[PDB]
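# Structural description and commentary
Letter by letter, the chains look like this.
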Amino acid sequence: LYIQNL
Amino acid sequence: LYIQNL
Amino acid sequence: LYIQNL
Amino acid sequence: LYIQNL
Amino acid sequence: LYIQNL
């Protein structure tokens with residue numbers, strides 16, 4: 001599970 | 001589980 | 001579990 | 001468990 | 001458990 005918020 | 005908030 | 005807040 | 005707040 | 005607050 002990988003989450004990136006940019 | 002990887003979370004990055006940028 | 002890895003969290004980075006930048 | 002790794003947390004960095006920057 | 002590693003916490004850095006910068």
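Residues numbered from 1 in each chain as written, not as in the entry; some residues may be left out. Chains lettered and ligands numbered in written order. Heavy atoms only, no water. Residues with missing side-chain atoms left out of burial classes, pairs and counts.

The record lists X-ray crystallography as the method behind this PDB entry and 1.55 Å as its resolution.

### Description of the interface of chain B and chain A
Residue-level contacts link six residues of chain B with six residues of chain A. Its residues assigned to classes, the side of chain B that touches chain A shows four nonpolar, two polar and no charged. Examined bridge by bridge, strand β1 (residues 2-5) of chain A and strand β1 (residues 2-5) of chain B share four bridges and lie parallel to one another. Pairing of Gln4 of chain A across the sheet is with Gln4 of chain B, part of β1 of chain B. (Contact = heavy atoms within 4.5 Å. Nonpolar A, V, L, I, M, F, W, Y, C, P; charged D, E, K, R; others polar. Pairing = 2+ DSSP bridges. Helix = DSSP H or I, 4+ residues; strand = E, 2+ residues; numbered from the N terminus.)

### Regarding the interface of chain B and chain C
With six residues of chain B at the contact, the number on the chain C side is six residues. Looking at the side of chain B that touches chain C, its residues break down into four nonpolar, two polar and no charged.

### Observations regarding the arrangement of the chains
Without any contact between them, chain A and chain D keep their closest C-alpha atoms 15 Å apart. One thing to see here is that chain B and chain D don't touch, and their nearest C-alpha atoms sit 10 Å from each other.

### Some details on the sheet that holds β1 of chain A
Spatial ordering of the open sheet is given by β1(A)-β1(B)-β1(C)-β1(D)-β1(E), a layout of five strands whose pairing is parallel. Each edge of the open sheet carries a strand with a single partner, namely β1 of chain A together with β1 (2-5) of chain E. Along the sheet, successive strands turn relative to each other by an average axial angle of 0°, direction set aside. (Axes fitted to C-alpha atoms, helices over the stretch in contact; angles between N-to-C directions.)

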